[PDB]
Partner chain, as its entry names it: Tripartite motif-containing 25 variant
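Next comes just one chain, in structure tokens: the form solved without the partner chain.
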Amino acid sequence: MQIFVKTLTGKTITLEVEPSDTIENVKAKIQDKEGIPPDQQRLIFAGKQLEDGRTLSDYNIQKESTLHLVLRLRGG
């Protein structure tokens, strides 16, 4: 299924995901496409930060859902 991943800075990523994908697996897909290390990524749905070991299914993420991506950078 297609989901959108949007930064708060004006970039939309489209991903093909499975409902059984963990949030960490989605971060790996974002690294594959955009080169951002999973350790720096924080994914958000419905205003809440998502936990790495839960699945898209666990969070009721449906086709065409939008996740937001923000970074946790150690340097800044």
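Residue numbers count along the first chain shown, from 1. Note that the rigid core is defined as the largest set of C-alphas that superpose within 1.5 Å between two forms. Shifts are known only where both forms have a C-alpha.
Tell me which stretch has the larger mean Cα B-factor in this entry, 9-17 or 63-71. Comparing 9-17 with 63-71, the higher mean C-alpha B-factor belongs to 9-17.
For residue 43, the third of its chain into which the C-alpha B factor falls: Answer is lowest: the recorded C-alpha B-factor places it there.
Is residue 26 in the lowest, middle or highest third of its chain when residues are ranked by C-alpha B-factor? According to the entry, residue 26 has a C-alpha B-factor in the chain's lowest third.
The protein also exists as the form deposited with the partner chain bound; that form is not presented, and the subsequent description refers to it.
Between 30-48 and the partner chain in the bound PDB entry, list the residues on our side with a heavy atom within 4.5 Å. 32, 33, 34, 35, 36, 37, 40 sit within 4.5 Å of the partner.
Listing 20, 14, 9, 60 as candidates, which single one shows a C-alpha movement of 2 Å or greater between this form and the one not shown when the core is held fixed? None of the others reach 2 Å, which leaves 9.
What moves between this form and the one not shown once the core is lined up, counting runs of 3 or more consecutive residues with C-alpha shifts of 2 angstroms or more? Residues 7-9, 73-76 form the shifted runs.
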